[PDB]
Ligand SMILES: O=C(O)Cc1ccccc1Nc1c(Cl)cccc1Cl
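Given next, in structure tokens, is a single chain: the form solved without the ligand.
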């Protein structure tokens, strides 16, 4: 809800420290290139005005919307616009427009230096000023991921500190810290992808899509809940995510706290896994609930054919009460299948929907949709063969082998996409092997579908910033829930006109010899993409030969005395070699 003084309301609800955090996150996600201390000052200033309004709401300005209050604060420190971008055009414009402009200016792949844990330096900062060091962590992560789930970011900031709380007390700082923060960094990135997809769902496919996702999601976590309760929690959660994804972070965090209290207050009718969450403080409590496993399927449930195929009122309910009727279907189908991926559950509901839209226009609707479930049961089969086929490729060729094959397959599907993007996304798609293939059946599809929906979303967010491929635009915008099988159906893009020439686009150099093995990979794989981009019908067999010429060439020259000399005298016969194998 809103109060006359929203700043007062949020500071009271949230308490200073999380108020401060979220305001830092907001500024850092709005101005991802601005320096830390210009932000800290903006936050100290908002905080003081917040305090004023708390003491006296009757004071001037206190009734201003949070947008107003944020933007005039950003616009003061930032007259800086030169090596910024176009954006200082926003400040000039007024509200509600200046805010939209801001939001529109969020950069999904800023080009900021990957940060390298320097254990001693960071431990120093912790001693001087934990608070600053807390906020330092927030600033760094928020600006690299400007849609990161803001109250979850506070949770992570606290764990990041409680880590140095523990290891900065050590003789071996590194051997302590650097395991912890690598492990935590992986979750942070996973959280970041999950949220980018939530914000893509509402932003490009409307609030309806996000709502469907949550019904499916929540029905899997609390399957013993009735559709009334699920519907109430879905409503509250959709609004939490709507606020967070629109930058309304004080309102997000506050509504999320209220929700987490409602869940915990009702835990006896929701899931017995909540016992482990519900005595925790607020942010840990919310995080634990976010992370909750599905529950077991409730026993003694009737068959879905009852309400969904047999009920005389099917077309009636679909026509008269469409969104809630599909909602009910999604809930009932989802609570019965924890072994299903959410994007799959949603795919099934869309196909159920599409069948009714065909069938209810006919003379005998029931004759037409009677068998709808046998059809949907089969849509679950499609992924299985390919998932199976890919896990076999992974077992036989490991992660590297599986990324190289994906690089060939996605370079062929989308040869216009920039080489660093094709490398990044292939490399992430290939990690699905490691993540999912040694799972059992009950988790395997959800594992794979889930993780692919997250990385394909990354591709589409990147592609929206610079659209280059017709077929990518198509799969990204056609249907959210069908993105994975769309990208799968994509074949060699015959509309692509090959890279005729350049002067030796990719050359290996003696520098390569010292890079860490990881980075030597990304160099080989870049070179693979460039090979494919110039000879877009090269065969699997030709491609494996040239990769083998890449590896033989580097091994020979990295093992040479005059390393750079070998790259320069022998480089040329790799170019000819490749030429000769491609004919």
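In this text, rigid core is short for the largest set of C-alphas that superpose within 1.5 Å between two forms. Numbering follows the first chain given and starts at 1.
- If you average the C-alpha B-factors over 263-271 and over 145-153, the higher value belongs to 145-153.
- The stretch with the higher mean CA B factor, choosing between 104-112 and 467-475, is 104-112.
- The residue among 248, 374, 449, 72 whose C-alpha atom has the highest B-factor in the PDB entry is 72.
- As recorded in the PDB entry, 517 shows the highest C-alpha B-factor of the residues 63, 541, 530, 517.
- In the PDB entry, residue 257 places in the lowest third of its chain by CA B-factor.
- Residue 322 sits in the middle third of its chain by CA B factor, as recorded in the PDB entry.
- Per-chain ranking of the deposited C-alpha B factor places residue 84 in the highest third.
- Ranked by Cα temperature factor within the chain, residue 132 sits in the highest third according to the deposited record.
- For residue 496, the recorded CA B-factor ranks within the middle third of the chain. Only modelled residues enter the ranking.
Just so you know, the form deposited with the ligand bound exists too; it's not on screen, but the next bit is about it.
- None of 206-214, 366-374, 94-102, 71-79 except one has non-hydrogen atoms within 4.5 angstroms of the ligand in the deposited complex; the exception is 206-214.
- Residue 466 falls outside the set of residues with a heavy atom inside 4.5 Å of the ligand in the deposited complex.
- Within this chain, residue 327 lines the site of the ligand in the deposited complex, having a heavy atom no more than 4.5 Å away.
- None of the heavy atoms of residue 278 is located within 4.5 Å of the ligand in the deposited complex.
- At a distance threshold of 4.5 angstroms between non-hydrogen atoms, residue 340 is out of contact with the ligand in the deposited complex.
- Taking the partner from elsewhere, every residue among 43, 323 and 484 has a non-hydrogen atom within 4.5 angstroms of the ligand in the deposited complex.
- Taking a 4.5 Å heavy atom cutoff to the ligand in the deposited complex, the contact residue among 235, 418, 319, 473 is 235.
- Interface residue among 359, 490, 510, 387, judged by heavy atoms within 4.5 Å of the ligand in the deposited complex: 387.
- Taking the ligand as it sits in the deposited complex, the stretch 555-583 comes within 4.5 angstroms of it through a non-hydrogen atom at 574, 575, 578.
- For the listed set 440, 302, 503, 113, the sole C-alpha moving 2 Å or more between this form and the one not shown on a rigid core superposition is that of 503.
- After superposition on the rigid core, displacement of the C-alpha of residue 169 between this form and the one not shown stays below 2 Å.
- In a rigid-core overlay of the protein, residue 228 has its C-alpha displaced by under 2 Å between this form and the one not shown.
- Relative to the superposed core, residue 84 undergoes a C-alpha shift of no less than 2 Å between this form and the one not shown.
- Note on residue 501 and residue 543: their C-alpha atoms are nearer in the deposited complex, a change of at least 3 Å from this conformation.
- Cα of residue 459 to Cα of residue 504: at least 3 Å longer in the deposited complex than in the shown structure.
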